[PDB]
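First, one chain by itself in structure tokens, the form deposited in one PDB entry.
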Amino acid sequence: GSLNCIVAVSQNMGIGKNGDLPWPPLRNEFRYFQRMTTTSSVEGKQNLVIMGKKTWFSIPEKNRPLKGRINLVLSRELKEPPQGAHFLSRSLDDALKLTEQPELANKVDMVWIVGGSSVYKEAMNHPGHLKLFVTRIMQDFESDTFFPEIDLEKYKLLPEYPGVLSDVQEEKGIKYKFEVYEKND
């Protein structure tokens, strides 16, 4: 099928700091992430969330696995899914493979990439339809991990998107904007 990426990025393209988010917790932005990644109208099926190993451990243990979603972790030097994770794959291809194998066949509604820099960079270059759900955190934040540039040659910003607020949001005195990008490539 198609892939969704979801990310929140500072104005300096930061996504991470010290294995956590660069900004303080934004409850309603987290609830947006939860709603977008969890929402599945197909009764009997759940969404697949795919993430790198560091992203997995950046989720507080009490929120692992991400409830109402199939949690799959990518790791090349791990051979059991980390404690609480539903699946492990050695590559994005292997994770997508898994979708049409007995483990996940007719179990998976949508696929959400939530995983770190390398997972996004690869997902973003994957053939077929891609949507990037990008929360623009409209402050600079000190960050050690960054979201790759969005290639405008293939990706276009959609002006609005059904189910996504169009106006700038503000929580805990931090403004942000929900964006959705799309390629057909």
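Don't overthink the numbering: it's just position in the shown sequence, from 1. Whichever C-alpha set is largest while still superposing within 1.5 Å between the two forms counts as the rigid core.
Here the subject shifts to the form deposited in another entry, a form of this protein not shown in this document.
Core-superposed comparison between this form and the one not shown: the C-alpha position of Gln101 differs by no less than 2 Å. Comparing the forms between this form and the one not shown on their rigid core, the Cα displacement of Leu158 stays under 2 Å. Relative to the superposed core, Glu43 shifts its CA atom by 2 Å or more between this form and the one not shown. Closer approach of the C-alpha atoms of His129 and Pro102, by 3 angstroms or more, is seen in that other deposited form than in the present form.
Here's the thing about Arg64 and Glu103: their CA atoms end up at least 3 Å farther apart in that other deposited form than they are in this form.
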